[PDB]
Structures are given as structure tokens and as C-alpha cells.
file coords.csv (CSV, C-alpha atoms)
chain,number,residue,atom,x,y,z
L,1,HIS,CA,0.6,22.7,11.0
L,2,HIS,CA,-1.1,22.3,14.4
L,3,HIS,CA,-3.8,19.9,13.0
L,4,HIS,CA,-3.5,16.5,11.4
L,5,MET,CA,-3.4,16.6,7.6
L,6,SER,CA,-4.9,13.6,5.8
L,7,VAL,CA,-4.1,12.7,2.2
L,8,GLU,CA,-6.0,14.2,-0.7
L,9,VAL,CA,-5.7,13.8,-4.5
L,10,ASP,CA,-3.7,16.7,-6.1
L,11,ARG,CA,-2.0,17.5,-2.8
L,12,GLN,CA,1.4,16.7,-1.3
L,13,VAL,CA,1.5,13.6,0.8
L,14,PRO,CA,2.9,14.4,4.3
L,15,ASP,CA,6.3,12.8,4.9
L,16,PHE,CA,6.3,9.6,7.0
L,17,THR,CA,8.7,6.9,8.2
L,18,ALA,CA,7.7,3.4,9.2
L,19,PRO,CA,9.2,-0.1,9.9
L,20,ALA,CA,9.4,-2.4,7.0
L,21,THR,CA,10.9,-5.7,5.7
L,22,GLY,CA,14.6,-5.0,5.2
L,23,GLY,CA,14.6,-1.8,7.4
L,24,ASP,CA,12.7,1.4,7.8
L,25,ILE,CA,11.3,3.3,4.8
L,26,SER,CA,10.6,7.1,4.6
L,27,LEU,CA,8.4,8.6,1.9
L,28,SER,CA,11.4,10.9,1.2
L,29,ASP,CA,13.4,7.8,0.1
L,30,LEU,CA,10.9,7.5,-2.8
L,31,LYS,CA,11.5,11.0,-4.2
L,32,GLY,CA,12.2,10.8,-7.9
L,33,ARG,CA,10.2,7.5,-8.3
L,34,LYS,CA,6.5,6.8,-8.5
L,35,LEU,CA,5.2,4.9,-5.5
L,36,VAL,CA,2.3,2.5,-5.5
L,37,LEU,CA,1.4,2.3,-1.8
L,38,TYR,CA,-1.2,-0.5,-1.4
L,39,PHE,CA,-3.0,-1.2,1.9
L,40,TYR,CA,-4.3,-4.8,2.4
L,41,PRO,CA,-6.3,-6.1,5.4
L,42,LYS,CA,-4.2,-9.0,6.6
L,43,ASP,CA,-1.1,-11.2,5.8
L,44,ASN,CA,-2.0,-14.8,4.7
L,45,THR,CA,-5.6,-14.3,3.7
L,46,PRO,CA,-6.8,-15.3,0.2
L,47,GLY,CA,-7.4,-11.8,-1.2
L,48,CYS,CA,-4.2,-10.3,0.2
L,49,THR,CA,-2.2,-13.3,-1.1
L,50,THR,CA,-3.6,-12.9,-4.6
L,51,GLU,CA,-3.0,-9.1,-4.6
L,52,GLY,CA,0.6,-9.6,-3.5
L,53,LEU,CA,1.2,-12.3,-6.1
L,54,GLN,CA,-0.3,-10.1,-8.9
L,55,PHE,CA,1.9,-7.2,-8.0
L,56,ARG,CA,4.8,-9.6,-8.0
L,57,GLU,CA,3.9,-10.9,-11.5
L,58,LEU,CA,3.8,-7.4,-13.0
L,59,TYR,CA,6.7,-6.0,-10.8
L,60,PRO,CA,9.2,-5.7,-13.7
L,61,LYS,CA,6.7,-3.6,-15.7
L,62,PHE,CA,6.1,-1.3,-12.7
L,63,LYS,CA,9.9,-0.9,-12.4
L,64,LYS,CA,10.3,-0.2,-16.1
L,65,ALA,CA,7.7,2.5,-15.7
L,66,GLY,CA,9.7,4.2,-12.9
L,67,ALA,CA,7.6,2.9,-10.0
L,68,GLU,CA,8.2,1.1,-6.7
L,69,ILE,CA,5.6,-1.0,-4.9
L,70,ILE,CA,5.1,-1.1,-1.1
L,71,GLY,CA,2.5,-3.1,0.6
L,72,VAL,CA,1.1,-2.0,4.0
L,73,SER,CA,-0.8,-3.9,6.7
L,74,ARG,CA,-0.9,-3.7,10.5
L,75,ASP,CA,0.7,-7.1,10.8
L,76,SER,CA,4.1,-7.5,12.7
L,77,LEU,CA,7.4,-7.5,10.9
L,78,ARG,CA,7.8,-11.2,11.8
L,79,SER,CA,4.5,-11.9,9.9
L,80,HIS,CA,5.6,-9.7,7.0
L,81,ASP,CA,9.0,-11.5,6.8
L,82,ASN,CA,7.1,-14.9,6.6
L,83,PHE,CA,4.5,-13.6,4.1
L,84,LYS,CA,7.1,-12.0,1.9
L,85,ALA,CA,9.2,-15.2,1.9
L,86,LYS,CA,6.2,-17.4,1.2
L,87,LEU,CA,5.1,-15.4,-1.8
L,88,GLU,CA,8.7,-14.5,-2.9
L,89,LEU,CA,7.7,-10.8,-3.1
L,90,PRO,CA,10.3,-8.6,-4.7
L,91,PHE,CA,9.2,-5.4,-2.9
L,92,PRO,CA,8.9,-4.3,0.7
L,93,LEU,CA,6.1,-4.6,3.2
L,94,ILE,CA,5.6,-1.8,5.8
L,95,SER,CA,4.5,-3.0,9.3
L,96,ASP,CA,1.9,-0.3,10.3
L,97,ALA,CA,1.3,-1.9,13.7
L,98,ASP,CA,0.8,1.5,15.3
L,99,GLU,CA,-1.7,2.6,12.6
L,100,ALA,CA,0.3,5.8,11.7
L,101,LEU,CA,-0.1,5.2,7.9
L,102,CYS,CA,-3.6,3.8,8.2
L,103,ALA,CA,-4.6,7.0,9.9
L,104,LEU,CA,-2.8,9.2,7.5
L,105,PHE,CA,-4.4,7.5,4.4
L,106,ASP,CA,-7.7,7.2,6.2
L,107,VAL,CA,-8.2,3.5,5.5
L,108,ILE,CA,-9.6,2.3,8.9
L,109,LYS,CA,-13.1,1.0,8.7
L,110,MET,CA,-15.1,-0.5,11.6
L,111,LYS,CA,-17.0,-3.7,10.8
L,112,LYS,CA,-19.9,-5.1,12.9
L,113,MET,CA,-19.6,-8.9,13.7
L,114,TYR,CA,-22.3,-10.2,15.9
L,115,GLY,CA,-22.9,-7.0,17.8
L,116,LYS,CA,-19.1,-6.4,18.1
L,117,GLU,CA,-17.3,-3.8,16.2
L,118,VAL,CA,-14.0,-4.8,14.7
L,119,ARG,CA,-11.2,-2.4,13.6
L,120,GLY,CA,-10.3,-3.2,10.0
L,121,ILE,CA,-8.5,-1.9,7.0
L,122,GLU,CA,-10.4,-1.1,3.8
L,123,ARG,CA,-8.3,-2.5,0.9
L,124,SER,CA,-7.1,0.7,-0.8
L,125,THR,CA,-4.2,1.8,-3.1
L,126,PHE,CA,-2.5,5.1,-3.6
L,127,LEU,CA,-0.4,6.3,-6.6
L,128,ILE,CA,2.0,8.9,-5.5
L,129,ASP,CA,4.2,10.6,-8.2
L,130,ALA,CA,8.0,11.3,-8.2
L,131,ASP,CA,7.2,14.7,-6.8
L,132,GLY,CA,5.4,13.3,-3.7
L,133,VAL,CA,1.9,14.3,-4.8
L,134,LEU,CA,-1.1,11.9,-4.5
L,135,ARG,CA,-2.3,11.4,-8.1
L,136,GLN,CA,-4.9,8.7,-7.7
L,137,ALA,CA,-6.7,6.7,-4.9
L,138,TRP,CA,-8.7,3.5,-5.2
L,139,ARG,CA,-10.7,2.9,-2.0
L,140,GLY,CA,-12.4,-0.3,-1.0
L,141,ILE,CA,-11.5,-2.0,-4.3
L,142,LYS,CA,-11.8,-5.7,-5.1
L,143,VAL,CA,-8.7,-7.5,-6.1
L,144,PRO,CA,-9.6,-8.8,-9.7
L,145,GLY,CA,-8.4,-6.3,-12.3
L,146,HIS,CA,-6.9,-4.0,-9.7
L,147,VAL,CA,-3.1,-4.5,-10.4
L,148,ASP,CA,-3.8,-4.1,-14.1
L,149,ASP,CA,-5.6,-0.8,-13.4
L,150,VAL,CA,-2.8,0.5,-11.2
L,151,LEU,CA,-0.1,-0.4,-13.8
L,152,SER,CA,-2.1,1.4,-16.5
L,153,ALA,CA,-2.2,4.5,-14.3
L,154,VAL,CA,1.5,4.3,-13.5
L,155,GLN,CA,2.3,4.1,-17.2
L,156,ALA,CA,0.1,7.0,-18.1
L,157,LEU,CA,1.5,9.5,-15.6
call {"tool": "encode", "arguments": {"input": "coords.csv", "output": "C-alpha cells"}}
result
Amino acid sequence: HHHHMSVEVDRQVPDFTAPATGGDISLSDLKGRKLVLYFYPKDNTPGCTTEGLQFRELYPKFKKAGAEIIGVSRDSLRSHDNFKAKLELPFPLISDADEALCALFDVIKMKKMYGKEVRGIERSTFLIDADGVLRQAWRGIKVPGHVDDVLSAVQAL
């Protein structure tokens, strides 16, 4: 493939590798498990803290249903180590500082602040099955109710 391929529901997710808490993660590491890959704008903000804590609270149910959780933001590994420790998260955080995954999943959104454009992440989640296929996307979602919805989708696959 001589052109970049972005993710689409019903289609294979292109294989990727990225730095993470505890060491690097490749999509191929997740073969045979469901993967909830959740993108959040920024470590240590209120909404991203609540989202992480709610995935933490339901983590045993995700695991029982055959799924892993991975959070993604562009923050540094140092920030991720601190944020994971503060929230006692039982799952990894990918540091997408170079935007490879944000580009692949098409979550970048420019925001206008006082005549300046700011490069942001649109809070979005992707459910990838054990076969590596994108089964469901939630783009620009609000946090309340979201982890419940993702767990229901994981359980129904």
C-alpha cells in the first residue's frame, strides 16, 4: 500500500507499535483479545481523570469478557507514569507524542481559541475484536455513560 490507510468500521486495523507505560505495545500483541483503545485529550484534566477511573472500576468485567483496555494521549511517558500511578490504573497508557496513532485513527481536531488554532484530540474510543477488525467507533463522545456503553458492546461481540 503506497497510500496511508485510515481506520474504518468492518475493516482490518493497520498494525502499529507505540511507546507505553511498562514498555512498547504492538497491535499484534492483542491478537486473540478484544481491545478497547480509548483516546483522551490530556493527562490530569477532569474529564480524562473520570474516564480513566471509570474504566478502572469496570476493568475486571472487561477482562472477564476477553478484553484489554489501552488509553492513548499525546502526553509524555513521564506524564503517563504519574497519571497511571495517581489513578492506580490497572491497564497501560500509550504515549502518542508523535501522533502516529492519532493520525491513524483520525482523532485530531483543530480548535479556535481567540483567533489561534490549537491542535487537539477529539475524545474517541475504538472497539477492535480478537481478529484485529474495527467493530465500533465512538467519536467526540462525552464521558458520562460511555464506559458502560463500551462494556455492553464488548460483552455483546
call {"tool": "closest_residue", "arguments": {"input": "coords.csv", "among": "L:132, L:145, L:140, L:47", "to": "residue L:8", "atoms": "all atoms listed in the file"}}
result
L:132
call {"tool": "closest_atom_pairs", "arguments": {"input": "coords.csv", "of": "stretch 35-131 of chain L", "to": "stretch 18-26 of chain L", "cutoff": "7 Å", "atoms": "all atoms listed in the file", "output": "Markdown table"}}
result
| residue | atom | partner | partner_atom | distance |
| --- | --- | --- | --- | --- |
| L:77 | CA | L:21 | CA | 6.5 |
| L:80 | CA | L:21 | CA | 6.8 |
| L:81 | CA | L:21 | CA | 6.2 |
| L:92 | CA | L:21 | CA | 5.6 |
| L:93 | CA | L:20 | CA | 5.5 |
| L:94 | CA | L:20 | CA | 4.0 |
| L:95 | CA | L:20 | CA | 5.4 |
| L:96 | CA | L:18 | CA | 7.0 |
call {"tool": "atom_distance", "arguments": {"input": "coords.csv", "atom1": "atom CA of residue L:1", "atom2": "atom CA of residue L:31"}}
result
22.1 Å
call {"tool": "closest_residue", "arguments": {"input": "coords.csv", "among": "L:63, L:2, L:135, L:11", "to": "residue L:91", "atoms": "only C-alpha atoms"}}
result
L:63
call {"tool": "residues_around", "arguments": {"input": "coords.csv", "residues": "residue L:125", "least_positions_apart": "3", "cutoff": "8 Å", "atoms": "all atoms listed in the file", "output": "JSON, numbers by chain"}}
result
{"L": [36, 37, 38, 39, 137, 138, 139]}
call {"tool": "atom_distance", "arguments": {"input": "coords.csv", "atom1": "atom CA of residue L:34", "atom2": "atom CA of residue L:66"}}
result
6.0 Å
call {"tool": "closest_residue", "arguments": {"input": "coords.csv", "among": "L:62, L:105, L:55, L:83", "to": "residue L:35", "atoms": "only C-alpha atoms"}}
result
L:62
call {"tool": "closest_residue", "arguments": {"input": "coords.csv", "among": "L:12, L:6, L:124, L:50", "to": "residue L:150", "atoms": "all atoms listed in the file"}}
result
L:124
call {"tool": "atom_distance", "arguments": {"input": "coords.csv", "atom1": "atom CA of residue L:45", "atom2": "atom CA of residue L:148"}}
result
20.6 Å
call {"tool": "residues_around", "arguments": {"input": "coords.csv", "residues": "residue L:97", "least_positions_apart": "6", "cutoff": "8 Å", "atoms": "all atoms listed in the file", "output": "PyMOL selection string"}}
result
chain L and resi 73-76
call {"tool": "residues_around", "arguments": {"input": "coords.csv", "residues": "residue L:134", "least_positions_apart": "5", "cutoff": "9 Å", "atoms": "only C-alpha atoms", "output": "count of residues only"}}
result
11
call {"tool": "closest_residue", "arguments": {"input": "coords.csv", "among": "L:65, L:84, L:109, L:4", "to": "residue L:43", "atoms": "only C-alpha atoms"}}
result
L:84
call {"tool": "closest_residue", "arguments": {"input": "coords.csv", "among": "L:27, L:5, L:102, L:130", "to": "residue L:72", "atoms": "all atoms listed in the file"}}
result
L:102
